[PDB]
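Below sits a lone chain in structure tokens, taken as the form deposited in one PDB entry.
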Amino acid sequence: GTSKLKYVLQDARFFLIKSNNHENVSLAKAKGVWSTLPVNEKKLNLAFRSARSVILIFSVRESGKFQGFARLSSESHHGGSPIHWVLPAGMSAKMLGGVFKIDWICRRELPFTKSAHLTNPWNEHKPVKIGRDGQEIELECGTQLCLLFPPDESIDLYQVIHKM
């Protein structure tokens, strides 16, 4: 069913995450962590304190798809267990130094062709697939986007709900 999912998304905030490579999204799915540039790191830490759930919706550049979505379970923290991100061209390990813990809600893909009817008011009502890394997605758009993903029957949202 989808009732617990809708409960988790209630009054959530949503942010688009754009990764330059698949390897880092695979690492994030394996380890439950994400790192972004300092400008977006500050936005996510503020959002984490402001909302019952902060949802990251992931898309690998040039893939034509979203690869899943996850809920922040912490603010960013430095110095914990390190992470071997595959660093793009203009990217240093100090830029990805802040590590957020995340709980995956859906690890399944959604092609951009399926979200063509959703536009994001916070990005000039462009299709929700359009946006830079860190772009916030308005509540109703983000809720409908997350509900379009195939159900991930491997995930039990009971433990996620308790963190709220």
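For every residue, the number given is its place in the sequence shown, counted from 1. Each form is matched to the other, and the largest set of C-alpha atoms that superpose within 1.5 Å is called the rigid core.
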Exercise. Taking only the CA atoms, which stretch has the higher mean B-factor in the record, 119-127 or 93-101?
Worked result: 93-101
Problem set entry | Selected stretch [higher average CA B-factor]: 25-33 or 65-73 | 25-33
Exercise. Going by what the PDB entry lists, where does residue 50 fall on CA B-factor within its chain: lowest, middle or highest third?
Worked result: highest
For this session: Comparing against every modelled residue in the chain, figure out the third that the C-alpha B-factor of residue 143 lands in (lowest, middle or highest).
Result: lowest
Seminar exercise, completed: Among the modelled residues of its chain, the C-alpha B-factor of residue 4 falls in the third labelled middle
Seminar exercise, completed: Assert third(CA B-factor, residue 114) within chain per record equals middle
Problem set entry | CA B-factor ranking of residue 60, expressed as a third of its chain | middle
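Although it is not shown, the form deposited in another entry is what the next lines describe.
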For this session: Overlay on the rigid core first, then point out the one of 127, 38, 32, 111 whose CA is displaced 2 Å or more between this form and the one not shown.
Result: 38
Problem set entry | Rigid core fit then residue 96 CA moved by 2 Å or more between this form and the one not shown | yes
Exercise. Residue 90 to residue 61, Cα distance in the other entry relative to here: closer or farther, by 3 Å or more?
Worked result: farther
Exercise. Shorter or longer C-alpha distance for residue 131 and residue 90 in the other entry, given it differs from this form by 3 Å or more?
Worked result: farther
